[PDB]
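A.B. asks: Sharing a structure below in structure tokens format, with a few things to ask.
In the deposited numbering, the protein residues as written are 1 to 56.
Encoded structure:
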């Protein structure tokens, strides 16, 4: 299943997607990706659109 991430950091902004079997797996890879790119914010997840968001 395709999941999306909306990045609204101070420095990195945009959207990316990933394929994952479920939501906890997609949250795992999105968190590592955010952390590798120095983004550190509040997170939300909406299962009706399969979209994560991180805001700094």
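Even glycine gets a Cβ: it sits at the ideal position worked out from N, Cα and C.
Under DSSP, the beta strand (DSSP E) around residue 54 begins and ends at which residues?
C.D. replies: It spans 51-55 - the beta strand (DSSP E) in which residue 54 sits, taken as one unbroken run.
A.B. asks: Does DSSP classify residue 28 as helix, strand or coil?
C.D. replies: Of the three classes helix, strand and coil, the one that applies to residue 28 here is helix, per DSSP.
A.B. asks: Under three-state DSSP, which class holds residue 40?
C.D. replies: Three-state result, residue 40: coil.
A.B. asks: Given a threshold of 16 other Cβ atoms within 10 Å of its Cβ, counted over all protein chains shown, does residue 34 qualify as buried or as exposed?
C.D. replies: Looking at its Cβ environment, which holds 16 or more other Cβ atoms inside 10 Å, residue 34 is buried.
A.B. asks: For residue 21, count neighbouring C-beta atoms within 10 Å of its own C-beta (all shown protein chains included) and say buried if the count is 16 or more, exposed if not.
C.D. replies: The residue in question, residue 21, is exposed, as its Cβ has fewer than 16 Cβ neighbours within 10 Å.
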